[PDB]
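Here's the structure, in structure tokens; my notes come after.
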Amino acid sequence: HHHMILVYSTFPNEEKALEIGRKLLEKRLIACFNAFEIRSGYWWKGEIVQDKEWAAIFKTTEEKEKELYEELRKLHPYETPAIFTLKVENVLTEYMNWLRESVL
Amino acid sequence: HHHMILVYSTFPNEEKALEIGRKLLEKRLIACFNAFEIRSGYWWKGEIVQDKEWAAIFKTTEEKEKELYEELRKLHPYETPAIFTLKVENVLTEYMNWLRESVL
Amino acid sequence: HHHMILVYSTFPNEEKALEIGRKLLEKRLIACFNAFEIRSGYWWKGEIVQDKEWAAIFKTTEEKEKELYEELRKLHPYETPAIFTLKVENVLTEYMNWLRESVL
């Protein structure tokens, strides 16, 4: 009975990404984050902009999804941040056990 | 009623990845891209090769999926590019609203 | 009839990530890997730690999933590695054909 989720967001810089990751570990809402640098593009005020951001995947259980969204929402510098959940199909047994323990 | 998708592809270099991202924003087929550098490996002509590429995730709505595949297909330098769609489970409400508006 | 999967893991460094990718191509258990550098955070022995790792996505068919997990399990330096599978929804036809051929 795997119950893992993967939530993705982006952040304006490395420091903010890692700061939020750490706060989310402190609040036991995720078991792990993986962050990396990205280049981004989107419309902003009628122009296509290029930006430099940090992305993060947050690994946690379904049970924590609500609390995680609401905490990321409160911590997020962006007025409308990208926060979304990918579907996980299977997970190594030992790893799922460790995930669950890490967010209890 | 979330209707977001995530499409992934890889590109031979940073410039091509960003160039295509921008063209896809211009054609309103995606709301956002996030690109990053990757190392890759695969079989090519009977050998295992290591390569250096740029990956991109393209965020858009289901409604745009067909047009997006066909546009990436036409723009893609690779004869057989990796283009595939990940399933998104949930999405922050404000963000889904902005996604939809960005591709209208 | 797409039958592609995406399996994710993390590794202590670039060399190990690429070494395992290559061994997995040699054993024909994946068609392709894409690896990239990440910063990570998790609990370890009662503290929140920051780490520097390499992530990899491994692209393959459903048919190879079992063999892939068991091979990554045997090769993985971590005692409890993150190994999990994302659900793929659609895939470019030509690309799915190449995936299948690459792991036969």
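As a convention, Cβ positions derive from the backbone with ideal geometry for all residues, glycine included, and neighbour counts pool all protein chains shown. Computed from the coordinates by the stated procedures, all read-outs in this text should not be read as laboratory data.
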How many residues are more than 10 Å from chain C (Cβ to nearest Cβ), assigned to a helix (DSSP H, G or I) and loosely packed, with under 15 Cβ neighbours inside 10 Å when one looks only at the range B:24-62?
1
Is it true that some residue in the range A:78-95 is in contact (Cβ under 8 Å) with a residue 60 or more places away in the chain, more than 19 Å from residue B:86 (Cα to Cα) and not polar (S, T, N, Q)?
yes
Among the listed residues A:66, A:27, which satisfies the condition of being touching a residue at least 12 places away in the same chain (Cβ under 8 Å) and of a type in the set (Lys, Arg)?
A:27
Among the residues of the range C:7-23, which ones are surrounded by fewer than 20 Cβ atoms within 10 Å (Cβ to Cβ), at the interface with chain B (Cβ under 9 Å from one of its Cβ atoms) and of a type outside the set (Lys, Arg)?
C:14, C:18
Identify, by number, the condition in (1) outside any strand (DSSP E or B); (2) surrounded by 19 or more Cβ atoms within 10 Å (Cβ to Cβ); (3) touching a helix residue (DSSP H, G or I) at 6+ places or on another chain (Cβ under 6 Å) that residue A:80 doesn't meet.
(2)
If you check residue A:16 against the conditions, is it part of a helix (DSSP H, G or I) and touching a strand residue (DSSP E or B) at 6+ places or on another chain (Cβ under 8 Å)?
yes
Residues of the range C:63-75 satisfying the condition of being facing chain A (nearest Cβ under 10 Å) and crowded, with 20+ Cβ neighbours inside 10 Å:
C:69, C:72
Take residue B:103 and tell me if it is facing another protein chain (nearest Cβ under 7 Å) and among the β-branched types (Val, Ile, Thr).
no
Test for residue B:43: is it among the aromatic types (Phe, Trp, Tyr), in contact (Cβ under 8 Å) with a residue 40 or more places away in the chain and touching a helix residue (DSSP H, G or I) at 6+ places or on another chain (Cβ under 7 Å):
no
Reported set for the range B:82-100 where residues are farther than 22 Å from residue C:4 by Cα, of a type in the set (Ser, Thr, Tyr) and facing another protein chain (nearest Cβ under 7 Å) is B:95
Just to be sure before I move on: is residue B:79 of a type outside the set (A, V, I, L, M, F, W, C) and within 13 Å of chain C (Cβ to nearest Cβ) in the structure I sent?
yes
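Table: residues versus (1) farther than 21 Å from residue C:51 by Cβ; (2) out of contact with any strand residue (DSSP E or B) (no Cβ under 6 Å at 6 or more places or on another chain).
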{"residue": "A:42", "(1), (2)": "yes, no"}
{"residue": "A:45", "(1), (2)": "yes, yes"}
{"residue": "A:62", "(1), (2)": "yes, no"}
{"residue": "A:66", "(1), (2)": "yes, yes"}
{"residue": "A:70", "(1), (2)": "yes, yes"}
{"residue": "A:97", "(1), (2)": "no, yes"}
Residues of the range C:56-84 classified as more than 9 Å from the chain's Cα centre (by Cα), among the β-branched types (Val, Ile, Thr) and under 23 Å from residue A:102 (Cα atoms), total
1
